[PDB]
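Read the figures in this text as sums done on the coordinates, not as results from a lab. Because the Cβ atoms are built from the backbone with ideal geometry, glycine has one as well, and the counts that use them run over all protein chains shown.
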Amino acid sequence: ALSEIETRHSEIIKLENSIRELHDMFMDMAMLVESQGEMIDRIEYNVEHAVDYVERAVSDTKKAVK
Amino acid sequence: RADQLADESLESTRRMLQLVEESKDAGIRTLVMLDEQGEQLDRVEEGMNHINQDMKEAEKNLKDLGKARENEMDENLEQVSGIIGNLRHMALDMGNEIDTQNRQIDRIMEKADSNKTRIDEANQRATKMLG
Amino acid sequence: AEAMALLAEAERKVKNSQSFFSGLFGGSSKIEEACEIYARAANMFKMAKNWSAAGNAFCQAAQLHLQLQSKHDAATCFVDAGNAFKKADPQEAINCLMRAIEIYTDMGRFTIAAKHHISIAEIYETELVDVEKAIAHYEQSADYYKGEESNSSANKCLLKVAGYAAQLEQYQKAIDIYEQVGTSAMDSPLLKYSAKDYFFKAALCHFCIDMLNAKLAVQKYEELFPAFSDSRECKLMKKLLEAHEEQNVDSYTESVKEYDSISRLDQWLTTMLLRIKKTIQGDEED
Amino acid sequence: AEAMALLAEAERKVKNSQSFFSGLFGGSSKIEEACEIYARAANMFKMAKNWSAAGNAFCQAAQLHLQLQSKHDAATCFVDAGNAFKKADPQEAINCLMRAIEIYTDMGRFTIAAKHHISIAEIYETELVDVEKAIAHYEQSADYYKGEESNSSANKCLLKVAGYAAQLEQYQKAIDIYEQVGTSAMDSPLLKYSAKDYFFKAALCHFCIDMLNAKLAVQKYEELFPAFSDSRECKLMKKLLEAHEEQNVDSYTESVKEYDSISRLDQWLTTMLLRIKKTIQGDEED
Amino acid sequence: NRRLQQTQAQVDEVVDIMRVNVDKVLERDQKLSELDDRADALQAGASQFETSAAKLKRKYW
Amino acid sequence: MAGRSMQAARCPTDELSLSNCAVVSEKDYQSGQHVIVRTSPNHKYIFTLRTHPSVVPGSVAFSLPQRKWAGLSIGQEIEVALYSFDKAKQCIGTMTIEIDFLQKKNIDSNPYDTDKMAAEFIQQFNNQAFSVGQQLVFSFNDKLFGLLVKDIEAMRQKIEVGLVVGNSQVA
């Protein structure tokens, strides 16, 4: 029936693009996961290094009393 | 009209499959990164605790010095359905992962400030012992 | 290495030294030691799953910490205490948190003041069930987040505020919140996708308005047929607005029946849609 | 707890000591204490929601910090001042922000300099509405990001630049940006997907184009019919190029209506499409 | 026709998820940003302290 | 209780005009109660009340049809008092009404199923008071009409004023 194959059309087009919008999110999100994935590249960097500077700080201070 | 309503829709179903499948790959990469980024944080946590423990040792010592078309078409539908219902699988997983790391970062930011203020106190309590 | 043992030594340590004990010096050096003791106790208490004991233990170490002058790490201890009581059997879950924020607030730490401010409003609702005090917090908290330009969290909290404000009859005061968070969301080409629901909520929330507050909010919204995300916002709304302007509680209840297929209604929507269905029924046979 | 009082004490201690006050040493030790004072003041000013007062207070604490020799934590204060003025009634914000960058820049902290730089132009566009000064910043900032290896961010900024450059009429200066951000987007198979819109924009922007500058940007494009994503880029473009080269403000305005079906047109697109829509009419009428 | 409307809401079901996921990336924006800057200014105040400590070393060691 | 001074007003909106109910304020009465208006020691009328936060405290609003029946004018003093019916002798069972078109420029001779009318008349005028010789407007399918009680019978004695219940047969 035309009322079926037709309703199907407007429904499928309202099914694919319904994924479009969703697809757009995976686009932006993915672009953000990598974007914010940069800060972590610095976090890991800073953290360990911050421990290096502090470690040298706790050492000198201890030897400054001995 | 039923000829251009089904076919076009078929070319439409094709777009769906690829769009989701091509996005799922990005989803994998996302989860793949979420896993790695998770380790990078489990390595940051070690710092927060390390810094708060060492600074406590510094202060003490410092203060010390101070003081068939509809058939295959329908077949694709069963595929789209199985993929979407699967898109949630990761969608949910990536959710827990985030909520997890997000919580871990909270403990970091907190301690981070406590350590920061402390390191500043040490610096100030260090420029007052010279001489 | 016994909990009670530590608690005891800790007690004998925490006390302003005087007379023979004081000798020549003292003060912070002792009270600090006691703090570390109680913390070490709270540790094994959370071990044996005593919680109550662990929480109160942290309360001890914390309060003592203040007696030394160290609000920072103290407040953090207050947090360990709050988390303890929360996931425990006694109360105090609310007190510890208030005692933590009173510190983070004055110390000039709003970033966190709001972090636990939301946890607070979350417990004062899911536990104490005090929506009127929860909203006050969700709100003031969003104010702080907005100050830190953390628009995101600011919105998270506002969404909570309005969301429960509607359940608390505060419909108009809710739509205002949706209007603000709705206008302060279009700026980001990433919230355009979410900006819908805001308009749907604001267009559903009715302070018993007789004019077209909704017929106007639906218009303020920009929609086109090619939308598929929109099909889950105004398309339905318009059909509900006509179903209200015509006292037809059959077109509204049938439309909610159809719409309840392509997009399920959460508890919130149901409660409000029901409230609107009642504004229609209570107006028809009458 | 008196802001006015703190603001006074801070003054009485913020002055190069001499005579019986200076003693043997001194200097930075005092001015720092003063900074802490004004900070505490701005803190309660924001507590009472006087913001403006809090902002100017931070301005004082910051300015003082410079007089100590500590550009770092100083600039951070300038930031706080900006967040205050922004979520306040005065307009100051911009100033503080500029004063922040000059520090992060001279210090070498370009990473954060750009982090704020983007927020700068973001305010000079959402507030002062001075795009001419916004683009300059989005650009100079993208240079820093692109220098910090950070390609993604650099592209975010470039997108801002070109995007608003076409609104200001700078079409060619926009297509160049789209071309570059397009060739530097394929090196990441995690961006190929979006590389479309870039070509679509670069081909839409017309500096009174008369030939095939766009037909050339659409031909350089590699569309894969079986790669359905492209259906939101070139396929339309070709039909528009024809509707342009054939002085037909109907085929173009009909194609915009159809494409507006399979793919919702956003603000930007609309504005530019209408501009091209008139370049045809005036040519039908010459 | 059934399998059609059947797949519909299912897809939208994932769309509703991305929504929450998007709200998750925003949270990861506030944290990283401010924190990365704070922890970055840490090495600044930490390095200086290590410097002053060097002086305490050449006068007390 | 025993009676209080009130002032006649106009119906709030056309909405409460198709209910044939005296609209009052929430500060005075409450929707559901019955009252007896007084204009003289011999002219007593009974109406049904319906609250509305638009009415002025200390006054009752009546529709045009009601004012043309009880002889009420916009700006007069009347004494209203609570009236409780006796569901045992004043319950309407068979009431004959003289239906008629309200407007002329819309009077059609087309068929009108009475069943649907007697079903909608009890669905809109239920738990209300009616008197012999009372005049009101009937809204059947958005079509304006006019009624005129001729005779009322209790669930056969004739009653002055009755209470239309759920199992009431209208003719």
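Residues in the range D:263-286 that are of a type in the set (A, V, I, L, M, F, W, C), touching a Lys or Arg at 6+ places or on another chain (Cβ under 9 Å) and crowded, with 16+ Cβ neighbours inside 10 Å: D:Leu269, D:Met272. Here is a check on your reading of the model: is C:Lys239 away from chain A (no Cβ under 14 Å) and more than 32 Å from the chain's Cα centre (by Cα)? So C:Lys239 passes the test.
Annotation: C:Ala88 fulfils all but one of (1) assigned to a helix (DSSP H, G or I); (2) under 28 Å from the mean Cα position of the chain (by Cα); (3) not basic (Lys, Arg); the unmet one is (1).
Taken residue by residue, the range D:228-251 has at least one member that is more than 25 Å from D:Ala165 (Cβ to Cβ), surrounded by 15 or more Cβ atoms within 10 Å (Cβ to Cβ) and among the β-branched types (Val, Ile, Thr). Among the residues of the range C:176-187, those identified as within 20 Å of C:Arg232 (Cβ to Cβ) and in a loop (DSSP other than H, G, I, E, B) are C:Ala185, C:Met186. In the range A:1-35, the residue that is farthest from B:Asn86 (Cα to Cα) out of those that are surrounded by fewer than 19 Cβ atoms within 10 Å (Cβ to Cβ), within 9 Å of chain B (Cβ to nearest Cβ) and under 25 Å from the mean Cα position of the chain (by Cα) is A:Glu34. Scanning the range B:2-23 for residues that are more than 14 Å from chain D (Cβ to nearest Cβ) and among the acidic types (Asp, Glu) yields B:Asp3, B:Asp7. Scanning the range C:139-175 for residues that are within 22 Å of E:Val22 (Cα to Cα), outside any helix (DSSP H, G or I) and not small (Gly, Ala, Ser) turns up C:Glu148, C:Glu149. Does B:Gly66 count as under 25 Å from E:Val14 (Cβ atoms), more than 8 Å from chain E (Cβ to nearest Cβ) and of a type in the set (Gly, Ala, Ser)? So B:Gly66 fails the test. Residues that are under 15 Å from the mean Cα position of the chain (by Cα) and more than 23 Å from F:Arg38 (Cα to Cα) number at least 1 in the following strands (runs of 3 or more DSSP E) confined to the range F:62-152: F:91-97. Scanning the range C:256-286 for residues that are in contact with a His (Cβ under 9 Å, 6 or more places away or on another chain) and of a type in the set (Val, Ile, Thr) turns up C:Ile276, C:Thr279, C:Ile280.
Of the residues in the range B:45-55, at least one is closer than 30 Å to E:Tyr60 by Cα, more than 9 Å from chain E (Cβ to nearest Cβ) and loosely packed, with under 15 Cβ neighbours inside 10 Å.
Is it true that some residue in the range E:19-31 is within 27 Å of the chain's Cα centre (by Cα), farther than 30 Å from C:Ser263 by Cα, part of a helix (DSSP H, G or I) and more than 9 Å from chain C (Cβ to nearest Cβ)? Yes: one or more hits. Of the residues in the range E:24-43, at least one is in contact with a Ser or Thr (Cβ under 7 Å, 6 or more places away or on another chain) and among the small types (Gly, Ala, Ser). Of everything in the range D:104-123 that is over 21 Å from D:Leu158 (Cα atoms) and surrounded by fewer than 21 Cβ atoms within 10 Å (Cβ to Cβ), the residue that is nearest to the other protein chains (Cβ to nearest Cβ) is D:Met107.
Which condition number in (1) within 19 Å of the chain's Cα centre (by Cα); (2) surrounded by 21 or more Cβ atoms within 10 Å (Cβ to Cβ); (3) over 30 Å from D:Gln247 (Cβ atoms) is the one that D:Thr126 fails? Condition (2) is where D:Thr126 drops out. Applying a threshold of 8 Å to beta carbon distances and a minimum spacing of six or more residues, or different chains, the list of pairs starting in the range B:24-44 at a residue that is facing chain A (nearest Cβ under 7 Å) and ending at one that is small (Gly, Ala, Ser) and surrounded by fewer than 19 Cβ atoms within 10 Å (Cβ to Cβ) reads B:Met33/A:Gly37; B:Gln37/A:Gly37.
Against the test of being within 22 Å of A:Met27 (Cβ to Cβ) and out of contact with any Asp or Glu (no Cβ under 6 Å at 6 or more places or on another chain), the options D:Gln172, D:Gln180, D:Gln140 yield a single qualifying residue, D:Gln180. The set of residues in the range C:191-216 that are under 27 Å from the mean Cα position of the chain (by Cα) and assigned to a helix (DSSP H, G or I) comprises C:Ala195, C:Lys196, C:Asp197, C:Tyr198, C:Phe199, C:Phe200, C:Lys201, C:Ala202, C:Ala203, C:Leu204. Annotation: A:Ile40 fulfils all but one of (1) closer than 30 Å to B:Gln79 by Cα; (2) crowded, with 17+ Cβ neighbours inside 10 Å; the unmet one is (1).
When C:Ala48, C:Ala88 are checked against the criterion of being surrounded by fewer than 23 Cβ atoms within 10 Å (Cβ to Cβ) and over 25 Å from B:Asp106 (Cα atoms), a single residue qualifies: C:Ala48. Evaluating C:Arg109 against the criteria (1) under 30 Å from C:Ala34 (Cβ atoms); (2) within 16 Å of the chain's Cα centre (by Cα); (3) among the charged types (D, E, K, R) leaves one unmet condition, (2).
Considering the range A:41-61, and only residues there that are more than 7 Å from chain E (Cβ to nearest Cβ) and not polar (S, T, N, Q), the residue that is farthest from E:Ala46 (Cα to Cα) turns out to be A:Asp41.
Taking the range B:61-94 as the range and being loosely packed, with under 15 Cβ neighbours inside 10 Å, in a helix (DSSP H, G or I) and basic (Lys, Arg) as the test, only B:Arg69 passes.
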